[PDB]
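Single-structure report; data block below.
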Amino acid sequence: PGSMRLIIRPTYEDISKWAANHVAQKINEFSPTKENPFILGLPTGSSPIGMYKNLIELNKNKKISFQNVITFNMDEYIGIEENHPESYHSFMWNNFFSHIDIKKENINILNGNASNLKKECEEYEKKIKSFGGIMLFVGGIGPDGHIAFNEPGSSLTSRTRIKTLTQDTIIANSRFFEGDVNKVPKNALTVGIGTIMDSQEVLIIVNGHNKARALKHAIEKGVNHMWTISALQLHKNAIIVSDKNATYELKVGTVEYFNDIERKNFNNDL
Amino acid sequence: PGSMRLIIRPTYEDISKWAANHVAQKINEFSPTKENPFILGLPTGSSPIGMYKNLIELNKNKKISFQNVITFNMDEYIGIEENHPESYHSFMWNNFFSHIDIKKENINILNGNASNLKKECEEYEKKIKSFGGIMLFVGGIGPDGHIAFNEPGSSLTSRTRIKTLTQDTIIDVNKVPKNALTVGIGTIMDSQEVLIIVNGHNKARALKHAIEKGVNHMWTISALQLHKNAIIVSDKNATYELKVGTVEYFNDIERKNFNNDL
Amino acid sequence: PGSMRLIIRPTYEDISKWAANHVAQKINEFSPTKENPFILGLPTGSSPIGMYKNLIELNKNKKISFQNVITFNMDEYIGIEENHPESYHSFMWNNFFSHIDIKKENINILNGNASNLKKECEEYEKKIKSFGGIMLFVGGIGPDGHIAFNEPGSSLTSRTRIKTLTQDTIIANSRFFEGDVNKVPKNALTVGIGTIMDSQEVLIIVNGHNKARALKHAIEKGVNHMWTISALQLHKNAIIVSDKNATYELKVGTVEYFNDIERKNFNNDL
Amino acid sequence: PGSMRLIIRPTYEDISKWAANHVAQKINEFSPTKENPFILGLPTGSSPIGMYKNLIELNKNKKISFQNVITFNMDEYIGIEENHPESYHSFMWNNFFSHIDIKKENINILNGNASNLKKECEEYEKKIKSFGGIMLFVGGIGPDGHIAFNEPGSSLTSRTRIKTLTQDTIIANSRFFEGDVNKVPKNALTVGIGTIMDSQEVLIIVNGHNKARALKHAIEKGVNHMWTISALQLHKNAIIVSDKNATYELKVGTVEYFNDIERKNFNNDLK
Amino acid sequence: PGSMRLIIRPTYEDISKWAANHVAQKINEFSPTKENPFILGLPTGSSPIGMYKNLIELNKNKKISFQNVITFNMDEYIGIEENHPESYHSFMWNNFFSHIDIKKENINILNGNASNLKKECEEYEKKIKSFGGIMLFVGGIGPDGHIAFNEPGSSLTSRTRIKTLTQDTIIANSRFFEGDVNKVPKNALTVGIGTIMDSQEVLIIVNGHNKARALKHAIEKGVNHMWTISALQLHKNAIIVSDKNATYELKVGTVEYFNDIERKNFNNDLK
Amino acid sequence: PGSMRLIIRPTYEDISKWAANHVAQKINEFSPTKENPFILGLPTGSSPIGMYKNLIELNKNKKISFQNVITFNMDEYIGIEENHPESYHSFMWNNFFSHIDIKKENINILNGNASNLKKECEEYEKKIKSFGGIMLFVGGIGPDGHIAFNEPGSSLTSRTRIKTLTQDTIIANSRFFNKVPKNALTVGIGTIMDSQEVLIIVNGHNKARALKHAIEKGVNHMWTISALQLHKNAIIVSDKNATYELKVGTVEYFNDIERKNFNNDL
């Protein structure tokens with residue numbers, strides 16, 4: 001249309017469908033091959049689950065193939081067995097990779113057990129750039145505007161790196177490790193805001209009242225390292241899909257403005 | 001001076017004369033030849049009308065020549081007849097290019113009738129570079145802080161592209177063209193120097209976001225905080241939402257700049 | 001830890017010590033030689049005085065050597081005699097360089113008496129790059145958020161350049177030219193914001209109630225050319241060290257957030 | 001429902017009708033007599049014209065009578081001829097009082113031609129109190145949050161007083177004096193913010209994008225003398241009716257919150 | 001010390017103890033009699049439970065007596081049976097009144113099953129006034145700054161009245177009614193903001209991160225009807241007791257400022 | 001004009017002169033006699049010194065007489081000798097009362113050595129009312145918006161009362177001196193706002209942020225001066241430096257009110 005895009009739909013399910021379709025459409029138009037595959041960045045968390053389910057379905061109905069899609073994931077804990085049910089390796093396999101025609105060797109996830117964690121990070125960044133860069137990175141946001149383990153105060157140009165988890169993250173993630181703060185791994189490897197920003201296109205899925213304040217900071221306020229999602233304002237091709245509830249802190253006029261862009265870009269004759 | 005400059009003058013006429021003189025000063029100082037021409041970016045709309053009248057008047061009175069000035073315009077509607085009175089081509093010729101010693105071939109305006117619109121955008125960006133960049137781009141802003149078709153939410157580093165008009169810009173209504181070609185915020189930012197003319201009470205809130213508030217994609221003009229050499233010239237009405245201290249601060253810079261012994 | 005760090009200590013003496021120890025720590029671990037020297041950016045003003053005093057003592061107790069350290073300063077006045085007691089050449093020699101085992105040909109300060117000032121600036125930028133860039137730039141901020149002569153409205157990507165001084169700077173600096181505003185040199189040469197941002201690591205020292213507002217704009221408010229320190233939000237490796245008094249306009253939760261990062265860092269097992 | 005209400009509708013026509021019906025309802029439920037009349041405060045300006053037209057039709061169609069309604073207007077200019085079309089006296093007669101079954105002696109308007117203007121104001125306040133206060137005051141707001149001639153900087157507790165008009169108000173109101181800025185009277189008599197707040201109930205009509213910023217400062221921002229409308233936060237029984245356009249600066253959540261109050265209020269199983 | 005006070009302690013347990021002690025100290029110093037009773041206003045919700053526990057202990061230990069204490073509670077649901085486990089009548093008996101030496105006839109709770117609900121509210125305000133006003137009113141606040149059922153948009157000078165509950169109140173209280181929003185009574189009677197602020201003294205208990213935004217809007221931001229607690233800024237004798245977690249949105253300087261007020265208050269050579 | 005006024009003049013000396021003439025103007029227009037005296041409330045601190053010097057000059061030039069002016073001051077320290085050079089009594093005497101034809105018995109200052117301090121505050125309130133109220137109260141503000149001892153967090157409707165000083169006031173007033181009096185008696189914001197009219201003098205860059213909160217921001221107990229938004233008849237007089245945090249449009253708005261108030265034909 002000519003600007004950052006905000007797509008507002010009523011429910012979590014509707015945004016999940018819009019997103020899955022959008023990912024399918026980008027890959028299908030690209031038409032990957034063994035020689036020129038599609039490079040896809042993916043999130044974990046509750047946010048992308050509906051999208052994952054919809055993509056599995058489209059794949060079953062042969063509306064999309066992952067044979068020539070190469071994936072990079074955002075992050076993984078340091079010092080967790082790949083087979084631990086709460087590892088992000090397991091999250092991805094059980095929620096997505098097991099159910100689609102993806103090639104095991106096309107899957108890239110940070111190795112939180114590497115001997116040299118600093119090199120593992122540098123190598124991930126090299127691998128991404130060896131493929132020409134991520135074509136589409138899909139992500140989600142936290143209530144404080146974080147993406148991945150890029151927590152408030154993360155540099156707006158940060159790269160893949162070691163991350164010690166702050167108290168808020170250990171608390172929030174503690175529910176996956178039997179309510180026990182002592183059982184959440186202390187550290188993680190994570191792509192940076194800069195890494196994500198290097199993508200040719202960025203899609204963010206946001207839902208619920210608890211992300212409303214953050215969506216306000218992403219959209220309407222100035223670029224600010226306390227709300228690292230605000231970095232997206234600098235990206236050339238970014239899209240945020242939000243449910244109605246995550247818009248409660250936006251101004252009426254902002255919603256109308258982005259609603260009209262979608263209507264006008266529908267009837268544009270191009 | 002080594003910082004942004006905000007030039008405040010009592011009226012629309014004062015800022016028109018000031019901006020005309022600045023363009024005229026920049027071009028004379030550089031002394032353009034057929035071999036080394038001056039590369040100038042230009043706006044449309046009502047804001048620069050005054051400037052254009054003054055520039056015409058200085059061209060009659062032999063204070064400047066446009067013989068070796070290459071110009072680039074920001075935009076054009078897609079599908080409109082080039083010679084349609086409402087086209088950007090027509091705006092430029094009728095209000096400026098018809099009254100000055102400019103050469104037809106040194107004029108660059110986007111062709112919204114190109115067979116491939118994307119390539120037209122690509123070539124336009126390639127053309128600017130083939131001259132080694134705009135030297136001075138002059139612009140205006142909307143009350144929502146937009147610069148031409150780079151509207152709120154435009155990427156604070158976008159390039160020349162097809163832009164679909166928002167219903168607000170559309171308002172007959174079904175006669176207006178649905179799409180435009182436009183340079184990007186990044187295209188403008190590439191310029192060696194950027195001058196923005198702002199006038200009137202309705203631009204005051206935009207000016208405040210441009211100057212005092214943080215870099216924000218809802219106010220396109222705020223991308224200028226990141227440019228190395230930006231000047232804003234504003235009349236008094238457009239300053240009504242600035243702090244007294246901001247005004248005194250930028251006024252002092254002007255006096256100290258005037259008296260720096262350089 | 002993988003974010004901006006804010007180190008808060010009770011007094012100006014504590015941060016002075018903290019900063020000296022940090023500088024010493026980075027030089028000692030790099031272990032510079034004649035072929036591989038450490039590149040150090042430095043500030044003037046009263047901010048770093050305590051740090052300089054501590055670095056001097058550490059040098060006397062042989063806990064650090066400046067023999068293979070190359071320094072670049074932020075600024076100098078245009079048209080002041082090098083040996084004038086108020087020049088920044090004199091500031092640096094008298095408060096610091098006179099007192100450490102630094103080699104004189106390793107010291108770089110902008111020459112405000114150079115025939116072609118625009119070229120002096122270009123050359124200073126070229127000299128920094130000839131060494132491969134500044135490895136640690138230490139800076140201080142003004143009550144209005146300025147660093148060095150990058151005053152409000154300095155471009156957030158500014159380079160080394162001629163700068164005309166504003167009244168507030170002339171008035172403030174007039175104390176050192178016997179309270180006469182007219183004895184203050186009118187222009188200076190200064191490194192830009194981008195120049196400081198090019199450094200691998202930036203450390204900012206902040207003290208006192210009259211910097212509280214500026215620290216707030218630096219840490220909590222969006223990137224903004226009126227508060228040029230806010231540009232550090234975009235830096236990959238920035239640390240701010242502050243006394244308690246300069247934190248008064250931050251939120252309680254902000255201080256606790258950055259205090260927790262520090263404690264986690266210490267307890268991450270890395 | 002025991003809170004402020006904000007009633008949002010698509011257009012100026014919708015809110016005008018809604019406001020007319022609300023007024024009709026309060027009057028009909030009160031059921032006034034000569035001994036016990038209904039006391040109604042009214043504004044001028046363009047905001048209430050729709051409401052006035054609707055109130056005339058309701059009157060013609062026997063759904064409301066004004067026989068026992070006593071009115072007090074907000075303001076009148078000083079030194080304008082009572083019978084000149086540009087006066088608030090004439091505005092009220094031409095747009096409203098001429099077309100309804102009101103009794104002439106029950107109409108109250110500030111006398112901008114009184115010998116002692118200060119005493120005129122004091123008498124106005126006493127006359128309001130003499131009837132037991134205003135039961136419903138209808139007002140509008142300006143783009144800067146002003147009500148009547150209570151311009152930004154007016155005391156949040158102001159009473160009826162002499163008011164010297166600012167250039168901004170003269171420019172705006174010149175639309176009512178053939179665009180001639182020098183035809184606008186320099187001074188006005190006006191009820192105060194306090195006077196308005198003494199009303200049992202207040203109804204405010206707001207429309208258009210150019211009032212959006214004012215509505216935000218009325219609803220979402222703190223009590224502030226630069227936005228005199230914000231004073232209603234202190235009123236016991238305030239209603240604002242707004243078209244959609246005037247809501248553009250409110251948070252989505254604010255609209256959703258007041259919409260839900262209307263929904264809950266109607267479905268609350270009470271009388 | 002002549003200003004609002006903000007007492008910051010580490011935990012909920014500390015503030016509960018501080019609040020209980022402060023109530024006992026006020027009642028003991030007044031030293032009430034049958035002829036001259038202490039008039040005490042009280043909240044429900046989880047906030048005051050700590051305080052209630054402490055007061056019961058103090059009472060058993062004869063460190064405070066409720067024999068000549070008249071109480072008024074904030075609110076009660078409409079159309080709930082007094083015996084219902086989740087009524088406020090029961091909350092108060094079960095968590096407080098059953099365990100102390102209070103006289104049953106000295107206990108005043110709004111009657112949500114009254115035939116004329118308006119008269120009930122009116123009679124509640126009259127009764128408060130018949131005793132010369134509330135001497136100390138204790139309250140808490142919600143995450144949106146509400147107090148009692150004085151939800152956002154409630155008038156800053158509101159009195160006792162029927163309140164239709166909004167979506168977020170219904171959702172938050174659904175946890176006490178089988179997690180089913182359709183079981184939560186739709187309406188309540190509630191004292192107003194004006195009713196609370198009529199008290200000689202107001203003591204507010206705040207705890208937890210989820211109250212941090214509201215406390216900031218209470219302490220630092222302008223008087224604003226969307227954060228009804230901010231009205232305390234106009235009260236002459238207001239105290240807030242907060243745990244450390246509820247202070248996360250306040251400025252470092254605000255916390256230091258009120259902490260210093262407490263040290264200087266303690267060390268002032270007056271009592 | 002029927003709104004608050006903001007009078008802006010270039011310098012401290014200009015606003016002191018403006019404030020002095022405004023006080024002489026209100027007094028002279030009232031034309032006080034012993035039977036109907038003029039009731040005046042007054043400030044201390046550095047702010048009004050200029051105004052006090054100008055009113056002394058006006059008094060010697062026979063342009064005003066204080067014979068039938070009853071004054072009330074805002075505060076006084078608890079447990080200081082009135083004769084102490086740093087007491088509020090001594091400040092007023094030495095900076096104003098000694099130099100003008102005021103009657104000694106027409107002068108009111110809180111007695112910080114009263115045996116019952118609370119009764120002293122109540123009695124001060126009663127005395128103000130006994131005269132039928134203050135007709136004009138002159139005040140100043142601090143950088144944090146405080147009005148004398150009515151400091152951040154004071155009730156926007158506070159009355160005369162005992163006030164315990166903060167560390168900042170004990171520190172800032174240790175130059176004028178641990179031997180600082182820890183408490184003071186002070187009139188309240190509510191007390192000041194009972195006046196028929198209030199004039200506030202604001203000077204210097206360090207009060208610019210306070211002036212912004214007074215005028216453009218909502219009523220807020222952290223900025224005591226904002227309470228004036230509720231007063232029926234408030235005037236602020238300010239030099240240019242203290243307007244630095246106001247919007248251009250606010251300055252031009254109030255300047256136009258000052259122009260229209262001159263040219264109104266009333």
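Numbering starts at 1 and runs along the chain as displayed.
Quick check of the header: X-ray crystallography, 2.2 Å.
Cβ from N, Cα, C; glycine included.
Among the features that Swiss-Prot reports, active site, proton acceptor is placed at A:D75, A:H146, with the record citing similarity to another entry. The feature active site, for ring-opening step is assigned by Swiss-Prot to A:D144, A:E151, with similarity to another entry given as support. If you look up Swiss-Prot, you'll see A:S154, A:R161, A:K163, A:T164, A:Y257 marked as site 'Part of the allosteric site', on the strength of similarity to another entry.
Residues or ranges marked as expression tag by the PDB entry: A:1-3.
Shown here: features listed in Swiss-Prot, placed on the structure.
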residue: A:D75; record: active site, proton acceptor; Cβ contacts under 8 Å, 6 or more apart: A:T44, A:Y88, A:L110, A:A148, A:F149, A:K163, A:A188, A:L189, A:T190, A:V191
residue: A:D144; record: active site, for ring-opening step; Cβ contacts under 8 Å, 6 or more apart: A:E151, A:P152, A:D168, A:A214, A:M226, A:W227
residue: A:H146; record: active site, proton acceptor; Cβ contacts under 8 Å, 6 or more apart: A:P152, A:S154, A:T169, A:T228, A:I229
residue: A:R161; record: site 'Part of the allosteric site'; Cβ contacts under 8 Å, 6 or more apart: A:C121, A:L189, A:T190, A:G192
residue: A:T164; record: site 'Part of the allosteric site'; Cβ contacts under 8 Å, 6 or more apart: A:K186, A:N187
residue: A:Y257; record: site 'Part of the allosteric site'; Cβ contacts under 8 Å, 6 or more apart: none
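In the expression tag (A:1-3), the DSSP tally of helix, strand and coil residues is 0 helix, 0 strand, 3 coil. Chain C comes close to A:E151, A:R161, taken from the recorded positions A:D75, A:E151, A:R161, A:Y257 by a C-beta to C-beta distance under 8 angstroms. Residue environment of A:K163 (site 'Part of the allosteric site') contains 26 other Cβ atoms, counted within 10 Å of its Cβ in all protein chains. Following the DSSP three-state reduction, the secondary structure of A:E151 (active site, for ring-opening step) is coil.
Every protein chain considered, the tally of other Cβ atoms within 10 Å of the Cβ of A:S154 (site 'Part of the allosteric site') stands at 26.
The Cβ of A:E151 (active site, for ring-opening step) has 25 neighbouring Cβ atoms from other residues within 10 Å, across all protein chains displayed. Proximity to chain B, taken as a Cβ less than 8 Å from one of its Cβ atoms, holds for A:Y257 among the recorded positions A:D75, A:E151, A:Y257. For the recorded site, A:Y257 (site 'Part of the allosteric site'), the DSSP three-state label reads helix.
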